[PDB]
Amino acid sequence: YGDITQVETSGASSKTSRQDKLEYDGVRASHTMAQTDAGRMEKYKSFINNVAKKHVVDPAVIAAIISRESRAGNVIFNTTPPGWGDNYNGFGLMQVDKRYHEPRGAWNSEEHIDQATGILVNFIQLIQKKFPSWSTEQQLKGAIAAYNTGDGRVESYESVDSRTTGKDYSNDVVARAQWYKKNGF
């Protein structure tokens, strides 16, 4: 769907990087945050594999979104009820936003991952129609950015993250995905 290994990235902003108490930012910070979540990520392997097969999306991209969205459950396992974020709008491992989609499945379920990964695919389709001459890698990064901010707030490739949380969402998610691709979980 575009090739994640060829997407350019500047990784995590300093703000994002700070929250893991890191003294550095950027791609190395993304790698470290991805590595932090890799153990928790193992629990969801059957599900991530199944869904990646169904949507034809790299499991590293799914895993990167799980890491960025909820730290593979670390910051949502204990809300009430469990599985909630973004007050109280984001549901599950991948933080499906209830305002736009009815959240399906248990917070940590295959059904949930399926939904959220389908949402990403819909954004890949939307960004390919919006910028059909961007490269497929630019398109995939825009789709990831849209997963956070809407395809309506992805205006250019250089400013792809300018309207995202932390101004770094697709930059970070891409770097984490690159880590998971290279290292596995």
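One rule holds for the numbers: they count along the sequence shown, beginning at 1.
**Q** Can you tell me which stretch has the higher mean Cα B-factor, 56-64 or 148-156?
**A** Comparing 148-156 with 56-64, the higher mean C-alpha B-factor belongs to 148-156.
**Q** Of 99-107 and 78-86, which one has the bigger average CA B-factor?
**A** The entry gives the higher C-alpha B-factor average to 78-86.
**Q** Out of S70, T117, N50, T32, which shows the largest CA B-factor listed in the entry?
**A** Of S70, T117, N50, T32, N50 has the highest C-alpha B-factor.
**Q** Thinking about Cα B factors across the chain, which third does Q6 belong to?
**A** According to the entry, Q6 has a C-alpha B-factor in the chain's highest third.
**Q** Lowest, middle or highest third of the chain for the C-alpha temperature factor of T16?
**A** CA B-factor rank for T16: middle third.
**Q** Would you please rank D25 by its C-alpha temperature factor against the other modelled residues of its chain and give the third it falls in: lowest, middle or highest?
**A** Middle third.
**Q** Could you tell me which third, lowest, middle or highest, the C-alpha B-factor of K141 occupies within its chain?
**A** Lowest third - that is where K141 ends up once the chain's C-alpha B-factors are sorted.
**Q** Sorting by Cα B-factor within the chain, modelled residues only, which third would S170 end up in: lowest, middle or highest?
**A** According to the entry, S170 has a C-alpha B-factor in the chain's lowest third.
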